[PDB]
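Participant: Input: one structure, supplied below.
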Amino acid sequence: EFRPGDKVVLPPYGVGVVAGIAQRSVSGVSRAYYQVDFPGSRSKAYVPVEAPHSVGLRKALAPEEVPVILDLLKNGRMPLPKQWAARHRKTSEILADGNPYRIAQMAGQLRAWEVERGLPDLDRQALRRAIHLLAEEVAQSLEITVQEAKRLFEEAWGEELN
Amino acid sequence: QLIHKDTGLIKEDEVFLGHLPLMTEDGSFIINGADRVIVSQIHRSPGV
Amino acid sequence: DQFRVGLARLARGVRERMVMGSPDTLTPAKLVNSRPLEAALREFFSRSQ
């Protein structure tokens, strides 16, 4: 369940607070619907209360989960196919998937490769867009704007952030 | 609003379209920084 | 008239983006377009008699 003021995630919307629940008229009878808003978008969202766990509606990590993610961010890697197709495809799916542990785990190998040989014009967006959801997630949990939030990664990276 | 056919999941998210020229006081728009005018047209009315 | 007939050219630019890529993660923020409409209006306001 999600109360009015719960801090949640709605892929790929990064983070947003739930405003409440309402009966939206969809087709036939109106099932209950959760409401996820994003002030840094001015968008809007309606999430069915039936199976919230099927839309990948997770919740912002707690301040306790910062170090673990950082540790899997600095070191943790993972092999990927050589031809750009499968590799970038996988990375993309992982991105839209909305999984901070997987996005960070990915960011690790992507980082190891970026300063070695160097990152293709594709995997670059697959890195940037990856660090984006992270930097904002940190801003949701620790309530510190993308300035400070991005200032976090600098430690477990070795370099600053864009 | 972009809605899934099966998932029953709703996604609204307002977007952008473009720029639509506005008419002045006198009744003539400004295209490419020039003062132009839209003259009326005439053709037979629809029907049998 | 030019707005609607120009908007249908956008509707087709809608039906080609959704039918591919990632049908799960999509928003109209990626499904719409400017030019099919923008150019449609810019055309009328200049070239028409």
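Quick note on naming: the chains in the structure tokens go A, B, ... in the order shown, residues restart at 1 in each chain, and ligands are numbered from 1 in order of appearance.
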For chain A, report every residue with an atom at most 12 Å from chain B (counting only C-alpha atoms), formatted as a VMD selection string.
Facilitator: chain A and resid 10 to 13 24 to 28 30 to 38 41 to 57
Participant: Can you tell me which residues surround residue A:150 at a distance of at most 10 Å, considering only C-alpha atoms, apart from same-chain residues fewer than 3 positions away, and format the answer as a list in words?
Facilitator: residues 131, 132, 134, 135, 136, 138, 139, 144, 145, 146, 147, 153, 154, 160, 161 and 162 of chain A
Participant: How about saving the chosen residues, C-alpha atoms kept, as a compact mmCIF listing (two decimals), in the first residue's frame?
Facilitator:
# COMPACT_ATOMS: atom_id res chain seq x y z
CA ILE A 131 23.85 7.90 -13.50
CA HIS A 132 20.83 10.18 -13.93
CA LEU A 134 20.85 7.31 -9.44
CA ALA A 135 21.73 10.94 -8.79
CA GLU A 136 18.01 11.73 -8.52
CA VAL A 138 19.81 9.94 -3.88
CA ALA A 139 18.01 13.28 -3.96
CA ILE A 144 19.68 16.46 -1.08
CA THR A 145 19.34 18.14 -4.50
CA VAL A 146 21.22 16.79 -7.56
CA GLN A 147 24.12 19.08 -6.59
CA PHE A 153 29.22 9.48 -6.29
CA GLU A 154 32.49 11.45 -6.47
CA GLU A 160 33.36 14.22 -10.10
CA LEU A 161 30.02 14.21 -11.92
CA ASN A 162 28.39 16.12 -14.77
Participant: Skipping near chain neighbours, those fewer than 4 positions away, what residues fall within 12 Å of residue C:37 using only C-alpha atoms, listed as a ChimeraX atom specification?
Facilitator: /B:16-20 /C:1-13,32-33,41-44
Participant: Residues of stretch 79-146 of chain A classed as alpha helix (DSSP H) by DSSP on the backbone are to be reported as a ChimeraX atom specification.
Facilitator: /A:84-97,100-114,121-141,146
Participant: Enumerate, as a list in words, the complete set of residues in chain B that a backbone-based DSSP assignment places in strand (DSSP E).
Facilitator: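 Assigned to strand (DSSP E), within chain B: residues 2, 3, 10, 11, 30, 31, 34 and 35 of chain B.
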Participant: Would you save the residues of that selection, restricted to N, CA and C atoms, as an mmCIF file, in the first residue's frame?
Facilitator:
data_model
loop_
_atom_site.group_PDB
_atom_site.id
_atom_site.type_symbol
_atom_site.label_atom_id
_atom_site.label_comp_id
_atom_site.auth_asym_id
_atom_site.auth_seq_id
_atom_site.Cartn_x
_atom_site.Cartn_y
_atom_site.Cartn_z
ATOM 1 N N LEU B 2 -1.210 8.486 -22.683
ATOM 2 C CA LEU B 2 -0.816 7.207 -23.273
ATOM 3 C C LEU B 2 -1.185 6.056 -22.349
ATOM 4 N N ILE B 3 -2.122 5.219 -22.781
ATOM 5 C CA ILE B 3 -2.600 4.134 -21.933
ATOM 6 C C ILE B 3 -2.344 2.766 -22.559
ATOM 7 N N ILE B 10 -2.348 3.499 -16.635
ATOM 8 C CA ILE B 10 -2.534 4.818 -17.228
ATOM 9 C C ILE B 10 -1.287 5.688 -17.132
ATOM 10 N N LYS B 11 -0.971 6.368 -18.230
ATOM 11 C CA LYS B 11 0.149 7.296 -18.279
ATOM 12 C C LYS B 11 -0.266 8.559 -19.033
ATOM 13 N N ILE B 30 1.377 37.856 -38.643
ATOM 14 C CA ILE B 30 2.733 38.207 -39.023
ATOM 15 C C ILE B 30 3.524 36.931 -39.262
ATOM 16 N N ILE B 31 3.827 36.642 -40.524
ATOM 17 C CA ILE B 31 4.603 35.455 -40.876
ATOM 18 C C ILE B 31 6.013 35.829 -41.323
ATOM 19 N N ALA B 34 6.848 39.372 -41.509
ATOM 20 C CA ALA B 34 6.171 40.189 -42.508
ATOM 21 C C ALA B 34 4.680 40.265 -42.209
ATOM 22 N N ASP B 35 4.050 41.373 -42.583
ATOM 23 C CA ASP B 35 2.628 41.527 -42.319
ATOM 24 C C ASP B 35 1.851 40.965 -43.490
#
Participant: Have a look at atom CA of residue A:77 and atom CA of residue A:105 and let me know their distance in Å, one decimal.
Facilitator: 5.8 Å
Participant: Each residue of chain C with at least one atom at most 9 Å from chain B should appear once, together with its nearest atom pair and the corresponding distance in Å (one decimal); atoms considered: only C-alpha atoms; ordering: chain, then increasing residue number; output as a tab-separated table.
Facilitator:
residue	atom	partner	partner_atom	distance
C:23	CA	B:4	CA	8.7
C:24	CA	B:4	CA	8.3
C:26	CA	B:2	CA	7.9
C:27	CA	B:2	CA	6.0
C:28	CA	B:2	CA	5.7
C:29	CA	B:15	CA	5.5
C:30	CA	B:15	CA	8.9
C:31	CA	B:2	CA	8.7
C:32	CA	B:15	CA	7.7
C:33	CA	B:17	CA	6.9
C:34	CA	B:17	CA	5.3
C:35	CA	B:18	CA	7.9
C:37	CA	B:18	CA	7.3
C:38	CA	B:18	CA	5.5
C:41	CA	B:20	CA	7.4
C:42	CA	B:31	CA	8.4
C:45	CA	B:31	CA	7.0
C:46	CA	B:31	CA	7.2
C:49	CA	B:39	CA	8.3
Participant: Work out how far apart atom CA of residue C:21 and atom CA of residue A:119 are and give it in Å to one decimal.
Facilitator: 23.0 Å
Participant: Using only C-alpha atoms, which of A:98, A:158, A:118, A:108 sits nearest chain C?
Facilitator: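 Nearest to chain C: A:98.
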